[PDB]
>>> print(open('model_13.txt').read())   # compact mmCIF, C-alpha atoms and all ligand atoms
# COMPACT_ATOMS: atom_id res chain seq x y z
CA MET A 1 -44.96 78.09 -32.72
CA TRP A 2 -41.46 76.86 -33.56
CA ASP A 3 -39.48 75.92 -36.64
CA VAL A 4 -37.85 73.12 -34.67
CA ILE A 5 -38.35 71.55 -31.28
CA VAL A 6 -35.35 69.66 -29.97
CA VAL A 7 -36.15 66.97 -27.42
CA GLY A 8 -33.16 66.39 -25.20
CA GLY A 9 -30.76 68.99 -23.88
CA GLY A 10 -27.54 67.03 -23.58
CA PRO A 11 -24.46 67.61 -25.83
CA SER A 12 -26.23 66.58 -29.06
CA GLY A 13 -29.42 68.53 -28.39
CA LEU A 14 -27.66 71.71 -27.27
CA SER A 15 -25.17 71.60 -30.14
CA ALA A 16 -28.05 71.12 -32.58
CA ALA A 17 -29.91 74.06 -31.03
CA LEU A 18 -26.85 76.30 -31.37
CA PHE A 19 -26.52 75.59 -35.10
CA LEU A 20 -30.27 75.80 -35.73
CA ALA A 21 -30.55 79.14 -33.93
CA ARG A 22 -27.51 80.48 -35.79
CA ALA A 23 -29.29 79.51 -39.01
CA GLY A 24 -31.97 81.99 -37.91
CA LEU A 25 -34.54 79.38 -36.94
CA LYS A 26 -36.94 79.60 -33.99
CA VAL A 27 -35.73 76.68 -31.90
CA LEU A 28 -36.88 75.37 -28.54
CA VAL A 29 -35.09 72.72 -26.50
CA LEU A 30 -37.12 70.76 -23.95
CA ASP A 31 -34.93 68.83 -21.53
CA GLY A 32 -35.76 66.40 -18.73
CA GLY A 33 -32.46 66.86 -16.90
CA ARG A 34 -31.08 63.33 -17.18
CA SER A 35 -28.05 63.90 -19.40
CA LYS A 36 -25.53 61.10 -18.93
CA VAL A 37 -22.75 63.67 -18.47
CA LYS A 38 -24.34 65.66 -15.63
CA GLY A 39 -22.67 63.67 -12.86
CA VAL A 40 -19.13 63.76 -14.25
CA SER A 41 -16.85 65.66 -11.86
CA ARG A 42 -14.38 66.42 -14.67
CA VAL A 43 -14.67 65.84 -18.44
CA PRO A 44 -11.08 65.42 -19.67
CA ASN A 45 -11.79 64.58 -23.30
CA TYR A 46 -13.93 67.27 -24.94
CA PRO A 47 -11.30 68.44 -27.51
CA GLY A 48 -10.42 72.08 -26.86
CA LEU A 49 -11.85 72.47 -23.35
CA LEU A 50 -8.53 72.46 -21.51
CA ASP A 51 -10.00 73.45 -18.16
CA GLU A 52 -11.78 70.07 -18.19
CA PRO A 53 -14.99 71.25 -16.47
CA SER A 54 -17.48 69.00 -14.70
CA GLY A 55 -20.33 67.66 -16.81
CA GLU A 56 -22.65 70.08 -15.03
CA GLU A 57 -20.46 73.03 -16.02
CA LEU A 58 -20.14 71.76 -19.59
CA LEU A 59 -23.93 71.59 -19.87
CA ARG A 60 -24.22 75.14 -18.55
CA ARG A 61 -21.76 76.43 -21.15
CA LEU A 62 -23.52 74.51 -23.95
CA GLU A 63 -26.88 75.97 -22.91
CA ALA A 64 -25.34 79.44 -22.77
CA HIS A 65 -23.81 78.97 -26.21
CA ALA A 66 -27.18 78.03 -27.73
CA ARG A 67 -29.05 80.81 -25.91
CA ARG A 68 -26.39 83.28 -27.00
CA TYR A 69 -27.60 82.94 -30.58
CA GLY A 70 -31.35 82.81 -29.98
CA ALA A 71 -32.23 79.28 -28.92
CA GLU A 72 -34.58 78.84 -26.00
CA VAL A 73 -33.68 76.02 -23.61
CA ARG A 74 -36.37 74.99 -21.15
CA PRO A 75 -36.70 72.24 -18.56
CA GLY A 76 -39.52 69.86 -19.37
CA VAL A 77 -40.38 66.23 -19.97
CA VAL A 78 -42.07 65.38 -23.26
CA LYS A 79 -44.72 62.71 -22.71
CA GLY A 80 -46.80 63.18 -25.81
CA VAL A 81 -46.33 63.96 -29.49
CA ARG A 82 -49.16 64.33 -31.99
CA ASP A 83 -48.81 64.84 -35.74
CA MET A 84 -51.50 67.35 -36.64
CA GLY A 85 -50.62 67.48 -40.33
CA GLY A 86 -48.06 70.18 -41.04
CA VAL A 87 -47.22 70.74 -37.40
CA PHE A 88 -46.23 68.48 -34.52
CA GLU A 89 -47.76 69.05 -31.11
CA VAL A 90 -45.38 68.22 -28.24
CA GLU A 91 -46.79 67.87 -24.74
CA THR A 92 -45.05 68.24 -21.38
CA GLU A 93 -46.41 68.65 -17.86
CA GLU A 94 -46.47 72.41 -18.42
CA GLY A 95 -48.36 72.39 -21.70
CA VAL A 96 -48.22 72.07 -25.46
CA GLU A 97 -45.74 73.48 -27.97
CA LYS A 98 -45.93 73.29 -31.77
CA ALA A 99 -43.15 72.85 -34.32
CA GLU A 100 -42.89 71.95 -37.99
CA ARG A 101 -39.85 69.74 -37.39
CA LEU A 102 -38.73 67.62 -34.44
CA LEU A 103 -35.17 66.62 -33.57
CA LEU A 104 -34.77 63.82 -31.03
CA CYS A 105 -31.53 63.93 -29.00
CA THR A 106 -32.95 61.69 -26.30
CA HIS A 107 -29.99 59.31 -25.81
CA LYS A 108 -31.14 55.67 -25.43
CA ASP A 109 -34.68 56.35 -24.15
CA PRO A 110 -37.11 54.57 -26.55
CA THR A 111 -40.21 56.38 -25.26
CA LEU A 112 -40.68 58.98 -28.01
CA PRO A 113 -39.32 56.78 -30.83
CA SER A 114 -41.98 54.21 -29.91
CA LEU A 115 -44.72 56.86 -29.80
CA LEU A 116 -43.94 57.86 -33.38
CA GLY A 117 -43.46 54.29 -34.56
CA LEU A 118 -39.99 55.19 -35.81
CA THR A 119 -38.10 52.43 -37.61
CA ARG A 120 -35.29 51.13 -35.41
CA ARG A 121 -31.73 49.98 -36.03
CA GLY A 122 -31.11 47.62 -33.16
CA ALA A 123 -31.83 49.53 -29.96
CA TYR A 124 -31.55 52.88 -31.74
CA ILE A 125 -33.53 55.08 -34.12
CA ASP A 126 -32.82 54.17 -37.75
CA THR A 127 -31.65 57.13 -39.87
CA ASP A 128 -29.99 58.00 -43.16
CA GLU A 129 -26.51 59.56 -43.11
CA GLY A 130 -28.00 62.94 -42.22
CA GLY A 131 -30.18 61.89 -39.29
CA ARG A 132 -33.57 61.70 -40.99
CA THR A 133 -35.79 59.09 -39.36
CA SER A 134 -38.45 56.97 -41.04
CA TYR A 135 -40.93 59.73 -40.16
CA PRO A 136 -40.96 62.86 -42.37
CA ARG A 137 -39.74 66.02 -40.62
CA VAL A 138 -38.56 63.97 -37.64
CA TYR A 139 -34.78 63.80 -37.10
CA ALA A 140 -32.46 62.21 -34.54
CA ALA A 141 -28.88 62.81 -33.41
CA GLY A 142 -26.28 61.55 -30.96
CA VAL A 143 -26.64 58.32 -29.00
CA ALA A 144 -30.34 58.32 -29.95
CA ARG A 145 -29.42 57.26 -33.48
CA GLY A 146 -26.60 54.85 -32.68
CA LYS A 147 -23.57 57.13 -32.40
CA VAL A 148 -22.11 54.83 -29.76
CA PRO A 149 -20.31 54.16 -27.55
CA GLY A 150 -21.56 57.55 -26.46
CA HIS A 151 -19.16 60.38 -25.68
CA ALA A 152 -19.87 64.09 -25.21
CA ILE A 153 -17.85 65.34 -28.17
CA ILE A 154 -19.31 62.68 -30.47
CA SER A 155 -22.89 63.61 -29.60
CA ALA A 156 -22.15 67.33 -29.87
CA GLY A 157 -20.63 66.76 -33.30
CA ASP A 158 -23.61 64.74 -34.49
CA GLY A 159 -26.13 67.24 -33.18
CA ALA A 160 -24.44 69.93 -35.27
CA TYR A 161 -24.12 67.57 -38.26
CA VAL A 162 -27.81 66.70 -38.31
CA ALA A 163 -28.80 70.33 -37.68
CA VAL A 164 -26.69 71.47 -40.62
CA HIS A 165 -28.39 68.98 -42.92
CA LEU A 166 -31.81 69.95 -41.57
CA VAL A 167 -31.01 73.56 -42.48
CA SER A 168 -29.62 72.47 -45.86
CA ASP A 169 -33.00 70.87 -46.63
CA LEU A 170 -34.80 74.13 -45.87
CA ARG A 171 -32.46 76.34 -47.88
CA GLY A 172 -32.15 73.84 -50.73
CA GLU A 173 -28.39 74.31 -50.74
CA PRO A 174 -25.35 72.97 -48.84
CA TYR A 175 -25.53 75.00 -45.62
CA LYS A 176 -22.34 76.24 -44.04
CA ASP A 177 -22.14 78.28 -40.84
CA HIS A 178 -18.68 79.74 -41.38
CA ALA A 179 -16.96 82.89 -40.11
CA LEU A 180 -14.36 85.42 -41.23
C1 LIG B 201 -20.59 57.89 -15.22
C2 LIG B 201 -20.44 58.42 -16.66
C3 LIG B 201 -19.27 59.08 -16.99
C4 LIG B 201 -19.04 59.61 -18.30
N1 LIG B 201 -17.83 60.28 -18.58
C5 LIG B 201 -17.63 60.80 -19.89
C6 LIG B 201 -16.42 61.49 -20.19
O1 LIG B 201 -15.48 61.67 -19.37
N2 LIG B 201 -16.31 61.97 -21.50
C7 LIG B 201 -17.29 61.82 -22.49
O2 LIG B 201 -17.06 62.30 -23.62
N3 LIG B 201 -18.46 61.16 -22.19
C8 LIG B 201 -18.63 60.66 -20.92
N4 LIG B 201 -19.84 59.99 -20.64
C9 LIG B 201 -20.87 59.83 -21.69
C10 LIG B 201 -21.53 61.13 -22.11
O3 LIG B 201 -22.06 61.76 -20.94
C11 LIG B 201 -22.60 60.84 -23.17
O4 LIG B 201 -22.00 60.18 -24.28
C12 LIG B 201 -23.29 62.13 -23.68
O5 LIG B 201 -23.89 62.83 -22.59
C13 LIG B 201 -24.33 61.77 -24.72
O6 LIG B 201 -24.96 62.96 -25.21
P1 LIG B 201 -26.43 62.92 -25.81
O7 LIG B 201 -26.75 64.29 -26.20
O8 LIG B 201 -26.50 61.86 -26.86
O9 LIG B 201 -27.39 62.46 -24.60
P2 LIG B 201 -27.53 62.85 -23.06
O10 LIG B 201 -26.47 63.84 -22.71
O11 LIG B 201 -27.68 61.61 -22.25
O12 LIG B 201 -28.87 63.69 -23.08
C14 LIG B 201 -30.18 63.17 -23.36
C15 LIG B 201 -31.08 64.22 -22.77
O13 LIG B 201 -32.43 64.16 -23.30
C16 LIG B 201 -33.34 64.23 -22.20
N5 LIG B 201 -34.59 63.54 -22.52
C17 LIG B 201 -34.80 62.22 -22.82
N6 LIG B 201 -36.07 61.92 -23.04
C18 LIG B 201 -36.72 63.14 -22.88
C19 LIG B 201 -38.11 63.52 -22.98
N7 LIG B 201 -39.07 62.63 -23.28
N8 LIG B 201 -38.45 64.83 -22.76
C20 LIG B 201 -37.45 65.71 -22.45
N9 LIG B 201 -36.13 65.47 -22.33
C21 LIG B 201 -35.84 64.12 -22.57
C22 LIG B 201 -32.61 63.70 -20.99
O14 LIG B 201 -33.24 64.03 -19.77
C23 LIG B 201 -31.20 64.22 -21.22
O15 LIG B 201 -30.92 65.46 -20.59
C24 LIG B 201 -20.07 59.45 -19.31
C25 LIG B 201 -21.26 58.78 -18.96
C26 LIG B 201 -21.47 58.26 -17.63
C27 LIG B 201 -22.79 57.55 -17.34
>>> encode(input="model_13.txt", output="structure tokens")
Amino acid sequence: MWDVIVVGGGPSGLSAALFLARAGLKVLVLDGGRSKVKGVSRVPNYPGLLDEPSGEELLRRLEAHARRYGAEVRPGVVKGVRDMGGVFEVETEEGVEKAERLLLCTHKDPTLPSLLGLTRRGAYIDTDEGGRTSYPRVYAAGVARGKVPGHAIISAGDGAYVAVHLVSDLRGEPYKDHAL
């Protein structure tokens, strides 16, 4: 079982996983390997990354960062999602995984949003300021919820933003992941 299952392992999904894991949650990221940044030979505008790595390298570092604090990042394509009342069942080609909350960081792909009958805002998933969709316990972040035009740093920032508010809901208090 999982506290949260993040669908999509691009900047928003991996950033979300990092914050969720650091909050001590059991988080699993299922990614289909079609991040829009994967083919970039050199990302020159991710504030702070002065070596300007390729999109492929950036993804590797983001996955490492999330795994570093407990997140599990696995390749997989979600094709089914069933609400079983209290737990969501997510299905890939490899099998089924269960989570109480789902966070969609699926970029522009309307597949899963349509499966859940999520309310839309134009071509994107409709959400409140914090990323909560029209479906209870289902969240969205990054390009998936309209943070466009899409850029790596913007999606990463939103993934963390939504994750922080997801954690805040669970702890009933404004959650901050700060360090000395
Ligand atoms: C040619 C090109 C060049 C670019 N150059 C830059 C640049 O220099 N700087 C910059 O900041 N941005 C750049 N971008 C844009 C940037 O890559 C995106 O804004 C960013 O990747 C968006 O992050 P995201 O997390 O929202 O989605 P994405 O990174 O697109 O990730 C979505 C992920 O979810 C997965 N997914 C979707 N559906 C499922 C499913 N059902 N099951 C499992 N996994 C699923 C996908 O396979 C994918 O890995 C470029 C884009 C392109 C196309």
>>> closest_residue(input="model_13.txt", among="A:132, A:22, A:107, A:171", to="residue 155 of chain A", atoms="all atoms listed in the file")
A:107
>>> residues_around(input="model_13.txt", residues="residue 175 of chain A", least_positions_apart="5", cutoff="12 Å", atoms="all atoms listed in the file", output="JSON, numbers by chain")
{"A": [19, 20, 22, 23, 160, 161, 162, 163, 164, 165, 166, 167, 168, 169, 170]}
>>> residues_near_ligand(input="model_13.txt", ligand="ligand LIG 201 (chain B)", cutoff="7 Å", atoms="only C-alpha atoms and all ligand atoms", output="JSON, numbers by chain")
{"A": [7, 8, 9, 10, 11, 12, 13, 30, 31, 32, 33, 34, 35, 36, 37, 38, 39, 40, 42, 43, 44, 45, 46, 76, 77, 78, 79, 105, 106, 107, 109, 111, 112, 142, 143, 144, 150, 151, 152, 153, 155, 156]}
>>> closest_residue(input="model_13.txt", among="A:99, A:177, A:146, A:29", to="residue 14 of chain A", atoms="only C-alpha atoms")
A:29
>>> closest_residue(input="model_13.txt", among="A:137, A:147, A:61, A:121", to="residue 87 of chain A", atoms="only C-alpha atoms")
A:137
>>> closest_residue(input="model_13.txt", among="A:57, A:158, A:94, A:3", to="residue 28 of chain A", atoms="only C-alpha atoms")
A:3
>>> atom_distance(input="model_13.txt", atom1="atom CA of residue 145 of chain A", atom2="atom CA of residue 115 of chain A")
15.7 Å
>>> closest_residue(input="model_13.txt", among="A:71, A:4, A:116, A:104", to="residue 139 of chain A", atoms="all atoms listed in the file")
A:104
>>> axis_aligned_box(input="model_13.txt", around="segment 147-157 of chain A", padding_each_side="8 Å", output="AutoDock Vina command-line options")
--center_x -20.7 --center_y 60.7 --center_z -29.3 --size_x 21.7 --size_y 29.2 --size_z 24.1
>>> atom_distance(input="model_13.txt", atom1="atom CA of residue 148 of chain A", atom2="atom CA of residue 119 of chain A")
18.0 Å
>>> decode(input="model_13.txt", residues="segment 119-165 of chain A", atoms="N, CA and C atoms", output="PDB file, in the first residue's frame")
ATOM      1  N   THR A 119     -13.131  17.440 -13.394  1.00  0.00           N
ATOM      2  CA  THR A 119     -13.590  18.684 -13.988  1.00  0.00           C
ATOM      3  C   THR A 119     -12.384  19.322 -14.672  1.00  0.00           C
ATOM      4  N   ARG A 120     -12.598  19.881 -15.856  1.00  0.00           N
ATOM      5  CA  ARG A 120     -11.502  20.497 -16.592  1.00  0.00           C
ATOM      6  C   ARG A 120     -11.590  22.012 -16.650  1.00  0.00           C
ATOM      7  N   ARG A 121     -10.439  22.624 -16.902  1.00  0.00           N
ATOM      8  CA  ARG A 121     -10.305  24.068 -17.047  1.00  0.00           C
ATOM      9  C   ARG A 121      -9.629  24.161 -18.405  1.00  0.00           C
ATOM     10  N   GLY A 122     -10.430  24.277 -19.456  1.00  0.00           N
ATOM     11  CA  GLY A 122      -9.862  24.321 -20.784  1.00  0.00           C
ATOM     12  C   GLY A 122      -9.348  22.924 -21.082  1.00  0.00           C
ATOM     13  N   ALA A 123      -8.098  22.819 -21.514  1.00  0.00           N
ATOM     14  CA  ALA A 123      -7.518  21.518 -21.824  1.00  0.00           C
ATOM     15  C   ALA A 123      -6.806  20.914 -20.614  1.00  0.00           C
ATOM     16  N   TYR A 124      -6.942  21.548 -19.455  1.00  0.00           N
ATOM     17  CA  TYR A 124      -6.261  21.064 -18.260  1.00  0.00           C
ATOM     18  C   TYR A 124      -7.197  20.628 -17.140  1.00  0.00           C
ATOM     19  N   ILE A 125      -6.618  20.045 -16.098  1.00  0.00           N
ATOM     20  CA  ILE A 125      -7.391  19.600 -14.942  1.00  0.00           C
ATOM     21  C   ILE A 125      -7.712  20.828 -14.095  1.00  0.00           C
ATOM     22  N   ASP A 126      -8.979  21.006 -13.736  1.00  0.00           N
ATOM     23  CA  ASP A 126      -9.362  22.146 -12.911  1.00  0.00           C
ATOM     24  C   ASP A 126      -8.938  21.861 -11.468  1.00  0.00           C
ATOM     25  N   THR A 127      -8.427  22.876 -10.779  1.00  0.00           N
ATOM     26  CA  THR A 127      -7.975  22.710  -9.397  1.00  0.00           C
ATOM     27  C   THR A 127      -8.111  24.003  -8.607  1.00  0.00           C
ATOM     28  N   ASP A 128      -8.077  23.893  -7.282  1.00  0.00           N
ATOM     29  CA  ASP A 128      -8.116  25.086  -6.454  1.00  0.00           C
ATOM     30  C   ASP A 128      -6.651  25.510  -6.359  1.00  0.00           C
ATOM     31  N   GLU A 129      -6.383  26.625  -5.694  1.00  0.00           N
ATOM     32  CA  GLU A 129      -5.015  27.126  -5.571  1.00  0.00           C
ATOM     33  C   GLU A 129      -3.988  26.043  -5.236  1.00  0.00           C
ATOM     34  N   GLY A 130      -4.355  25.142  -4.326  1.00  0.00           N
ATOM     35  CA  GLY A 130      -3.457  24.087  -3.884  1.00  0.00           C
ATOM     36  C   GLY A 130      -3.322  22.819  -4.710  1.00  0.00           C
ATOM     37  N   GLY A 131      -4.037  22.725  -5.827  1.00  0.00           N
ATOM     38  CA  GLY A 131      -3.920  21.543  -6.669  1.00  0.00           C
ATOM     39  C   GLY A 131      -4.946  20.441  -6.463  1.00  0.00           C
ATOM     40  N   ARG A 132      -5.965  20.706  -5.656  1.00  0.00           N
ATOM     41  CA  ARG A 132      -7.000  19.710  -5.412  1.00  0.00           C
ATOM     42  C   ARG A 132      -7.974  19.708  -6.579  1.00  0.00           C
ATOM     43  N   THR A 133      -8.185  18.531  -7.157  1.00  0.00           N
ATOM     44  CA  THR A 133      -9.088  18.382  -8.290  1.00  0.00           C
ATOM     45  C   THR A 133     -10.531  18.317  -7.801  1.00  0.00           C
ATOM     46  N   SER A 134     -11.451  18.049  -8.721  1.00  0.00           N
ATOM     47  CA  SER A 134     -12.863  17.948  -8.379  1.00  0.00           C
ATOM     48  C   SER A 134     -13.139  16.623  -7.674  1.00  0.00           C
ATOM     49  N   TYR A 135     -12.148  15.733  -7.683  1.00  0.00           N
ATOM     50  CA  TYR A 135     -12.286  14.414  -7.068  1.00  0.00           C
ATOM     51  C   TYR A 135     -11.509  14.340  -5.757  1.00  0.00           C
ATOM     52  N   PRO A 136     -12.209  14.093  -4.637  1.00  0.00           N
ATOM     53  CA  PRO A 136     -11.575  14.001  -3.321  1.00  0.00           C
ATOM     54  C   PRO A 136     -10.363  13.068  -3.287  1.00  0.00           C
ATOM     55  N   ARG A 137      -9.288  13.551  -2.673  1.00  0.00           N
ATOM     56  CA  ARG A 137      -8.037  12.814  -2.533  1.00  0.00           C
ATOM     57  C   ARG A 137      -7.257  12.648  -3.834  1.00  0.00           C
ATOM     58  N   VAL A 138      -7.691  13.354  -4.875  1.00  0.00           N
ATOM     59  CA  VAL A 138      -7.000  13.326  -6.157  1.00  0.00           C
ATOM     60  C   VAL A 138      -6.476  14.744  -6.389  1.00  0.00           C
ATOM     61  N   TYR A 139      -5.166  14.852  -6.598  1.00  0.00           N
ATOM     62  CA  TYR A 139      -4.497  16.133  -6.810  1.00  0.00           C
ATOM     63  C   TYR A 139      -3.814  16.163  -8.175  1.00  0.00           C
ATOM     64  N   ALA A 140      -3.387  17.350  -8.592  1.00  0.00           N
ATOM     65  CA  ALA A 140      -2.697  17.519  -9.865  1.00  0.00           C
ATOM     66  C   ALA A 140      -1.679  18.646  -9.724  1.00  0.00           C
ATOM     67  N   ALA A 141      -0.593  18.565 -10.487  1.00  0.00           N
ATOM     68  CA  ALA A 141       0.449  19.584 -10.427  1.00  0.00           C
ATOM     69  C   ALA A 141       1.188  19.720 -11.755  1.00  0.00           C
ATOM     70  N   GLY A 142       1.809  20.875 -11.964  1.00  0.00           N
ATOM     71  CA  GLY A 142       2.554  21.103 -13.190  1.00  0.00           C
ATOM     72  C   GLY A 142       1.686  21.442 -14.387  1.00  0.00           C
ATOM     73  N   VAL A 143       2.162  21.087 -15.575  1.00  0.00           N
ATOM     74  CA  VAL A 143       1.416  21.354 -16.796  1.00  0.00           C
ATOM     75  C   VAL A 143       0.026  20.721 -16.730  1.00  0.00           C
ATOM     76  N   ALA A 144      -0.080  19.568 -16.069  1.00  0.00           N
ATOM     77  CA  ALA A 144      -1.356  18.862 -15.957  1.00  0.00           C
ATOM     78  C   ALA A 144      -2.499  19.749 -15.469  1.00  0.00           C
ATOM     79  N   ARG A 145      -2.190  20.714 -14.608  1.00  0.00           N
ATOM     80  CA  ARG A 145      -3.234  21.599 -14.111  1.00  0.00           C
ATOM     81  C   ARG A 145      -3.181  23.022 -14.661  1.00  0.00           C
ATOM     82  N   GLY A 146      -2.566  23.191 -15.826  1.00  0.00           N
ATOM     83  CA  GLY A 146      -2.522  24.511 -16.428  1.00  0.00           C
ATOM     84  C   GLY A 146      -1.331  25.417 -16.163  1.00  0.00           C
ATOM     85  N   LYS A 147      -0.312  24.939 -15.453  1.00  0.00           N
ATOM     86  CA  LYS A 147       0.856  25.783 -15.214  1.00  0.00           C
ATOM     87  C   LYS A 147       1.617  25.833 -16.528  1.00  0.00           C
ATOM     88  N   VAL A 148       1.128  26.655 -17.449  1.00  0.00           N
ATOM     89  CA  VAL A 148       1.734  26.770 -18.766  1.00  0.00           C
ATOM     90  C   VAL A 148       1.913  28.228 -19.178  1.00  0.00           C
ATOM     91  N   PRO A 149       2.779  28.490 -20.177  1.00  0.00           N
ATOM     92  CA  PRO A 149       3.582  27.512 -20.920  1.00  0.00           C
ATOM     93  C   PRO A 149       4.551  26.752 -20.020  1.00  0.00           C
ATOM     94  N   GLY A 150       4.563  25.435 -20.194  1.00  0.00           N
ATOM     95  CA  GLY A 150       5.394  24.571 -19.382  1.00  0.00           C
ATOM     96  C   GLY A 150       6.895  24.735 -19.456  1.00  0.00           C
ATOM     97  N   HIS A 151       7.513  24.790 -18.279  1.00  0.00           N
ATOM     98  CA  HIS A 151       8.960  24.884 -18.143  1.00  0.00           C
ATOM     99  C   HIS A 151       9.329  23.994 -16.960  1.00  0.00           C
ATOM    100  N   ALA A 152      10.522  23.415 -17.005  1.00  0.00           N
ATOM    101  CA  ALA A 152      10.980  22.506 -15.960  1.00  0.00           C
ATOM    102  C   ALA A 152      10.901  23.055 -14.540  1.00  0.00           C
ATOM    103  N   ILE A 153      11.435  24.253 -14.337  1.00  0.00           N
ATOM    104  CA  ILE A 153      11.446  24.854 -13.012  1.00  0.00           C
ATOM    105  C   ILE A 153      10.034  25.172 -12.515  1.00  0.00           C
ATOM    106  N   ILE A 154       9.154  25.557 -13.431  1.00  0.00           N
ATOM    107  CA  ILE A 154       7.779  25.877 -13.058  1.00  0.00           C
ATOM    108  C   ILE A 154       7.072  24.609 -12.584  1.00  0.00           C
ATOM    109  N   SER A 155       7.215  23.518 -13.334  1.00  0.00           N
ATOM    110  CA  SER A 155       6.578  22.267 -12.930  1.00  0.00           C
ATOM    111  C   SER A 155       7.159  21.724 -11.628  1.00  0.00           C
ATOM    112  N   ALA A 156       8.473  21.830 -11.466  1.00  0.00           N
ATOM    113  CA  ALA A 156       9.118  21.356 -10.249  1.00  0.00           C
ATOM    114  C   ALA A 156       8.564  22.143  -9.062  1.00  0.00           C
ATOM    115  N   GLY A 157       8.467  23.459  -9.227  1.00  0.00           N
ATOM    116  CA  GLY A 157       7.946  24.303  -8.164  1.00  0.00           C
ATOM    117  C   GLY A 157       6.515  23.972  -7.789  1.00  0.00           C
ATOM    118  N   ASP A 158       5.687  23.695  -8.790  1.00  0.00           N
ATOM    119  CA  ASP A 158       4.290  23.366  -8.537  1.00  0.00           C
ATOM    120  C   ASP A 158       4.133  21.993  -7.893  1.00  0.00           C
ATOM    121  N   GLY A 159       4.972  21.046  -8.297  1.00  0.00           N
ATOM    122  CA  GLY A 159       4.904  19.718  -7.714  1.00  0.00           C
ATOM    123  C   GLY A 159       5.159  19.808  -6.217  1.00  0.00           C
ATOM    124  N   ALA A 160       6.142  20.621  -5.839  1.00  0.00           N
ATOM    125  CA  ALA A 160       6.477  20.803  -4.431  1.00  0.00           C
ATOM    126  C   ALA A 160       5.350  21.553  -3.717  1.00  0.00           C
ATOM    127  N   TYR A 161       4.817  22.575  -4.379  1.00  0.00           N
ATOM    128  CA  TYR A 161       3.732  23.392  -3.829  1.00  0.00           C
ATOM    129  C   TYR A 161       2.508  22.547  -3.482  1.00  0.00           C
ATOM    130  N   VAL A 162       2.065  21.743  -4.438  1.00  0.00           N
ATOM    131  CA  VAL A 162       0.908  20.886  -4.233  1.00  0.00           C
ATOM    132  C   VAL A 162       1.193  19.830  -3.170  1.00  0.00           C
ATOM    133  N   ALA A 163       2.400  19.274  -3.187  1.00  0.00           N
ATOM    134  CA  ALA A 163       2.785  18.260  -2.212  1.00  0.00           C
ATOM    135  C   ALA A 163       2.747  18.843  -0.807  1.00  0.00           C
ATOM    136  N   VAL A 164       3.241  20.067  -0.666  1.00  0.00           N
ATOM    137  CA  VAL A 164       3.258  20.714   0.636  1.00  0.00           C
ATOM    138  C   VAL A 164       1.838  20.913   1.157  1.00  0.00           C
ATOM    139  N   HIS A 165       0.911  21.277   0.277  1.00  0.00           N
ATOM    140  CA  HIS A 165      -0.461  21.467   0.718  1.00  0.00           C
ATOM    141  C   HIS A 165      -1.170  20.141   0.968  1.00  0.00           C
TER     142      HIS A 165
END
